[PDB]
Structures are given as C-alpha cells and as structure tokens.
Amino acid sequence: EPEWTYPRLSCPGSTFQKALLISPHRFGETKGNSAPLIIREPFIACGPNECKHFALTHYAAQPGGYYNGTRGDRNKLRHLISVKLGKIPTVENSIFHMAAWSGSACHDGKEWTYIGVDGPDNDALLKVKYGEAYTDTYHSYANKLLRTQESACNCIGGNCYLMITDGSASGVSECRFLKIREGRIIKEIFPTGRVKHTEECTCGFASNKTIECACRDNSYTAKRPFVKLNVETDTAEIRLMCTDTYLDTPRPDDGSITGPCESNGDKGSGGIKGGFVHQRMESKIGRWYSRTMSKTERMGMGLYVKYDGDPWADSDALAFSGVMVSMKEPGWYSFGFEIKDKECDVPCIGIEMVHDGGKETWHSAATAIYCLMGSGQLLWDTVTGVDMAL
C-alpha cells in the first residue's frame, strides 16, 4: 500500500559512469521500418517502482512528411509524451499525456503529477494532471511567456514543488514556485534576493528541509542563478553561483568575471539548461553539475562536482570529473534525476543530444544517462551514432 515518498540518503559511490543511451533516431532511416517520435526537451522522472522518460513531441515521426516546423519551440500540436525508461519512444510505444510546449512531471509516492504549459505566448496556461485527471491550471502573470522547468519537479511527503517563470527572454523573468498537493495548487511562493531573471530551474533535495536549483539566466549572466527553497517555511531566496567554473552557455573564461560573487560579467546573453543533482551523505553534501565543453556552442558535455560549502559564497572552481559527451558530439539541455533503489537514492544526470541540421530537415534529440556508480573516475563518453542524411 502506497505511502508518500521522501528524499533518502544517496547510495554509496564517488564517481559517475556512462549508464544508458536512448537514441530513437538510430531506427529513423528511410531504409527502416520504425517510427521514432520527433522530440526535444527530454527529461526523466522516477517513482518507487518505475522510471519514466519524458519529452515534448512535435507530433511527427522520422521518417515522415511533417519536418517543417520541428525547429520551432511552440505550436498547437506539441504534446508531453513518455515511455518507461529503456523503451524507444515511438508512435506506438509512447503515451500522450496532454498538449504542451513546456513541461514537467514527478511522482509523489502514490501517483504521477504531469505538468504542461500551452496556449498563446501573451497568455499561456499551465495545466496540472494527477494520473488520468486534469485537476488545476495556473495563469500567466507577466503576460510575456509563462513557462516551466523541462525537468522533474520535487515531491516530499505529498507536497510537490515546481518552478515557473514569466517574462522576457532578453529582459526580466521573475520566477515563482507552485506547491502542488494531489494535483491541486495549494500555495504560491515568491522568492527574494537576486530575482531579475530565473528560468528552466533544475531542482533537487539537499535534505528534508531544503530544495536547491541551478537555473538559467538568458540575458544578464553566464553564472547560474541558484535557488534555495525551504520546504518547512515555504520560502525561497535566489543568489548567483559564486564558483569560477561558470556553468551556462554561452559563458566567458573560468574566473575571468572579476569582483564580488554577485557580479554579472560578460557574455550573459543567451543560455542553456543545466544538469544538477545532489549526493546526500550522513555528514556532507555533494553537488554535481554539467556544462557544455564549448564556451559558446552547444557542443560536448562535461561533468563537475563539489562537496559542501555555500554555492552563493564560494569562488572555488568545481572539480572536473570527466567527459560525458566529447566536443565533437552535440550536447544541449541537461537535467538531474534520482532512481529509487531498495533503501537508497541514486543520483543521475541526463543529457539532451540534439540532432541539428537546420530548418530544412528534421530536428530531434537523443538522451544519454550518467549515474553515480561505484568508485574511481568517469571512463567513457557517449555518441548518438545517427547519420542525419539517412
């Protein structure tokens, strides 16, 4: 009988290793007989019994005749879809949850909560689904472009916390947090501090008390806005990550942003969503981060880690841990998630490896997974193995 889930101590390990590649378009060739879905913004969320691989589809397949428009972000056909992790997301394997061009999902211990935003840009609408039922909505508040995480929300004892943001992509987007219980929004949380631009937060539990998020600023800085949300008081605060190892793309050179922690620096315009995930141990906390190998291009994906300290106040360079995607291969969005073992949580990072060939052809993605696994060093990189010409 189902009880509410809580974050547990992470399971023992000291390094990440290549775990699993989901590359649907390995079967999408004209010579083939398969129907992989055209997608982007994939993420993974796990419940006590099952892991689900989510994505936003353009409601089209490779091969097919609806490639035109699959390079855009929003339209009336896009849908949040999923399969069990390990299954290839095809037309028939997938299930279509709801229309959305921005999404999230999380399992609270008893049931799946699905999140989907669609509607017109100036008045977008977030929709909440608990299992099969549509249960709530939330309205755009800045009337620019209401949007959400493109990664998993976080549930503790029945309460599910979700980042949403609204505002200009090149101007101001003040983010908020929805608290959602059994499909219904029961509280809005307004963060304090450096709030001028926060989008596409990647969140997780530092403990039973605190959720932390590494987010994206699309205008002002190449440093990641770092949220600290206390779930006991339902309050949040945002300051920029102090580490010399700037995680955004585009970014400047490491350390080159001189001055105090809060200094915005150069190359702030533009952005990318970043992997972030906690390794909780008895007396220390590990924070793992991913960023592209290239400073200005969505190419490659490397892994970093730092134990304890305060991300807001520490200049310290993050320890480079290894290359997950070499700079020759595409490396786009990345997200954190946790797999539930018998008595312990297993932190992972998934990486969106987009197949980009311009607007003249199809535009989709593969997903690579790296998980905390044993000891030593990260050993192997990941390729998609897709020839976009076929």
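So that there is no doubt, residue numbering starts at 1 and follows the sequence shown.
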Would you determine, from the values in the PDB entry, which of 207-215 and 130-138 has the greater average C-alpha temperature factor?
207-215
If you average the Cα B factors in the entry, which is higher, 326-334 or 341-349?
326-334
C-alpha B-factor winner, where the candidates are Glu150, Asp108, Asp316, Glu92:
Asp316
From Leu9, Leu379, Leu21, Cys371, residue of greatest CA B-factor:
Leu379
Entry-reported C-alpha B-factor of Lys306 relative to its chain, by third, is middle
Pull the Cα B-factor of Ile81 out of the PDB entry and bin it into the chain's lowest, middle or highest third.
lowest
Tertile call for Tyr67 (CA temperature factor, within chain, third-based) is the highest
Here the Cα B-factor of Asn33, set against its chain, lands in the third termed lowest
Ranked C-alpha temperature factor of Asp118 among modelled chain residues, by third:
middle
